[PDB]
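The chain that follows stands alone, in the form deposited without the ligand, written as structure tokens.
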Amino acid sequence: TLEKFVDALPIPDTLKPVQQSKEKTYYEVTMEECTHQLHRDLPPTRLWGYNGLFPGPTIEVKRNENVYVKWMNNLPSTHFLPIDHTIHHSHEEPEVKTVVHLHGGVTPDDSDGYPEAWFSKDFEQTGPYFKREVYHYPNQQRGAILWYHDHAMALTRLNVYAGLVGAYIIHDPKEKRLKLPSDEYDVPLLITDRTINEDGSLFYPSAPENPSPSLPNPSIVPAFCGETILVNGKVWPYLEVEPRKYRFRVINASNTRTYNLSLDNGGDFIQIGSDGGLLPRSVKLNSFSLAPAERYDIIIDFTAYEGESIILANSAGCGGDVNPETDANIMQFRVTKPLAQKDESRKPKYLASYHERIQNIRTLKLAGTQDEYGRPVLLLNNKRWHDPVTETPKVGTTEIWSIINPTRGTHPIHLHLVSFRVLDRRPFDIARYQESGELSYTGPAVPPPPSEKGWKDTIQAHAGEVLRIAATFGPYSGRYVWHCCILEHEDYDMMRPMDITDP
């Protein structure tokens, strides 16, 4: 095992445009086999990286900036992580397929990275919903932390684990007057748990434990928990900071793992933002939950802690209780950087402003059948991906989605295109719902905590609760998706199409 806090936190560079005008910013990003050392004491690791980087370069845009990214694939024809060929059914398609989803993007459908819009190297082969090489991101939306990652059908868990993640920030100039910490004092933190072999190579399980020899090989697993935690591509790093306010864009880019984060001296975060942008009012927190694909925009105020080492800790376990010596640790702040200037940043209470009729109320169930080989298959509302679309909201209208979770565990559910408000959660009789299909509540409705009073696009639906959210669908119409963000679930098969229609 590996010494904690011996490597500096990398901060990914900001991508430079290939061409740029008042009217159009044009970027190129090529997926490439690359080599990077993840820890002082590990041989370098072979990974897949956007422009040869892990994590991918940070992309920074203004609200309404007219952006194009040509996402290209220049990867090997053959994968280096275990492909389970039995999970989706078929001329022969390439083994390695990729497509980039801008998670949180208010995006035209053919630029949203639909799982069947995939492509292989140089776009030689393309999936049946592919339309275009150069994706278009108009960024007509709230300033926020987005992130980009692969979304290829049956492969998402693999392609992401391989290293295909990156941050995308939307800056709204109108927010500049809040004087939030910025520039060097505004730092994204992409958290990814990994398991790494002694020779430096990524370990990803090629079967669950106790593989009955009937079971395919490789076989998909229903969950992955990495032995090590990385932030921005380094195992358990440290970051030297100035004793002053910092903003952090915290992103869970892990396959399965949920984090429950705190500072080991009992100190407080200030949440200024959720997936969908600034909260209306800032919230003071001692801890916070962070499931796959969630994003918390926070301030940590180091002013009074000059000289100190503060650990960003985690108490959520993955497949067992946290281990204090390993996954209980995320990174270490060292407040030893001299101030480069006066800290003019603020941490205001007042951040943003907070009339619509309900067109429809979709009731949706989270549940799993079981396959030929005994393995669990997780399904949204009893459907497989390939079944005729059923979630078909009307452009311009508002729906309430009530998501019922009678499973053993939490699912972070994500809708593309939209961000949405959270209404409440409410517990119910699980046995009763499974026996009869009948829903009896065992307690009142609970509103969201303040963290979740703003806009969200990825939301934890806890076991034995009904969660209700509300979304207005637009401004674009077309074919999108919704799904669980635990990638091991997403790929088998907790993802469905979502058509937003127009007369």
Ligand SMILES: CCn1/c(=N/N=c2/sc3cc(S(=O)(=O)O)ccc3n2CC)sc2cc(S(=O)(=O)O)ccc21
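When you see a residue number, it is the position in the sequence shown, counting from 1.
* Asked: Per the entry, how many residues of the deposited chain go unmodelled between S90 and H91: none, 1 to 3, 4 to 9, or 10 or more?
  -> The entry leaves 1 to 3 residues without coordinates here.
Query raised in the report: According to the entry, are there none, 1 to 3, 4 to 9, or 10 or more residues of the deposited sequence without coordinates between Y354 and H355?
Result: Gap size class: 4 to 9 residues without coordinates, per the record.
- Taking the recorded C-alpha temperature factors, which stretch has the higher mean, 406-414 or 298-306? Per the deposited B-factors, the answer is 406-414.
Q) Of the two stretches 277-285 and 328-336, which shows the higher Cα B-factor on average in the entry? A) 277-285 has the higher mean C-alpha B-factor.
From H151, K245, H386, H103, residue of greatest CA B-factor:
Highest CA B-factor of the listed options: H386.
Original post:
Per the PDB entry, which option out of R157, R257, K131, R426 has the greatest Cα B factor?
Top reply: Answer, based on the entry's C-alpha B-factors: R426.
Item checked: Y161 CA temperature factor, ranked by third within the chain -> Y161: CA B-factor falls in the lowest third of its chain.
Worksheet item: Mind checking which third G127 falls in for C-alpha B-factor across the chain?
Response: Middle third, going by the recorded CA B-factors of the chain.
**Prompt:** Going by what the PDB entry lists, where does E372 fall on CA B-factor within its chain: lowest, middle or highest third?
**Reply:** Tercile = highest for this residue's CA B-factor.
If you rank the chain by CA B-factor, which third does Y350 end up in: lowest, middle or highest? Ranked within chain, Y350 CA B lands in the highest tercile.
Would the CA B-factor of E399 place it in the lowest, middle or highest third of its chain?
As the PDB entry reports it, the C-alpha B-factor of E399 lands in the middle third of its chain.
If you look for the form solved in complex with the ligand, you will not find it shown, but the lines that follow are about it.
- request: Please determine, with the chain shown alone, which of 176-184, 410-418, 236-244, 262-270 has non-hydrogen atoms within 4.5 Å of the ligand in the deposited bound form.
  value: Only one stretch qualifies here: 410-418.
- prompt: Would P222 count as touching the ligand in the deposited bound form under a 4.5 Å heavy atom rule?
  reply: Close contact exists here: in the deposited bound form, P222 approaches the ligand to within 4.5 Å, heavy atoms only.
Next on the checklist: Can you work out whether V106 and the ligand are in contact in the deposited bound form, taking contact to mean some heavy atom pair no more than 4.5 Å apart?
Outcome noted: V106: no contact with the ligand in the deposited bound form.
### Query
Is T256 close enough to the ligand in the deposited bound form to count, meaning some heavy atom within 4.5 Å?
So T256 counts as contacting the ligand.
**Asked** Is the gap between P76 and the ligand in the deposited bound form 4.5 Å or less for some heavy atom pair?
**Response** Heavy-atom contact with the ligand at 4.5 Å: absent for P76.
Of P211, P82, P348, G319, which residue is found within 4.5 angstroms of the ligand in the deposited bound form when only non-hydrogen atoms are counted? So the residue touching the ligand in the deposited bound form, by this definition, is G319.
* Asked: Which one, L146, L230, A117, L378, lies within 4.5 Å of the ligand in the deposited bound form by heavy atoms?
  -> After the contact test, the surviving option is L378.
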